[PDB]
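Everything below concerns the one structure shown next.
Taken together, the values in this text are just the output of simple stated rules run on the coordinates, not laboratory data. Positions of Cβ are generated from backbone atoms using ideal geometry, with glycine treated the same way; all protein chains shown enter the neighbour counts.
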Amino acid sequence: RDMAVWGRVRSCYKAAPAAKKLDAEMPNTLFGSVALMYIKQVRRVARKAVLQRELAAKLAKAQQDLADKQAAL
Amino acid sequence: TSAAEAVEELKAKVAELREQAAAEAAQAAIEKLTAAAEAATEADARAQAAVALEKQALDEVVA
């Protein structure tokens, strides 16, 4: 996530009304709720992805220093 | 037309899958650190599975 383009989306997000308004707006296809769900899923997937990046870097370091230990012996 | 149910099944599926993803969210020294590297690999695989599952949930919402 980029903070500059995510502060703006947080601002435009928190200003949304309750779910009743977003339901009564377009009863045919609840576009507003679905867009909210998309935003939430993007946020959470990004968070777990950065967690993956960190843990994979740790695993790469573990492989590297295991190889170094093998080379030392 | 009313989108009364389809949202409901979407909510049920995405909530169950979010719960499942959250479930997986959580010379002798040479051998010990080899075991540590194996544990790190296992954690990496589990967390990658979790993130792939959540990406699938996002794609379901988009679909």
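Partner chain Cβ atoms within 10 Å, averaged over the residues of B:8-14 - can you pull that number for me?
1
Considering just Cα atoms, how many Å³ per residue does the convex hull of chain B enclose?
Hull volume normalised by residue count: 50 Å³.
So what does the Cα-only Debye profile of chain A read at q = 0.13 Å⁻¹, as log10 I(q)/I(0), no solvent term?
With no solvent term, the Cα-only Debye profile gives -0.59.
Quick check: the distance between the Cα centres of segment B:7-63 and segment A:35-59, to the nearest angstrom?
The distance from the Cα centre of segment B:7-63 to that of segment A:35-59 comes to 11 Å.
Would you mind calculating the gained length between A:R8 and A:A60 on full extension (0.36 nm times residue separation, minus the Cα-Cα distance), in nm to one decimal?
15.2 nm
Please list, or write none, the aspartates and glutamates whose alpha carbon is within less than 16 Å of the alpha carbon of A:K58, excluding same-chain residues fewer than 8 places away.
Within the straight-line cut-off, A:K58 pairs with A:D68, B:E38, B:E42, B:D44.
Tilt of helix A:31-72 relative to the longest C-alpha principal axis of chain A, in degrees (0 to 90, nearest 10)?
Taking the Cα atoms of chain A, the angle to A:31-72 is about 0 degrees.
Roughly how tilted is helix A:3-14, in degrees to the nearest 10 and between 0 and 90, from the longest Cα axis of chain A?
Long axis of A:3-14 versus the principal axis of chain A: about 30 degrees.
Kindly flag which residue pairs out of A:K20/B:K55; A:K14/B:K11; A:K61/B:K11; A:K40/A:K69; A:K21/B:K13; A:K14/A:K48 have an alpha-carbon separation exceeding 32 Å in this structure.
Exceeds cut-off: A:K61/B:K11; A:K40/A:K69.
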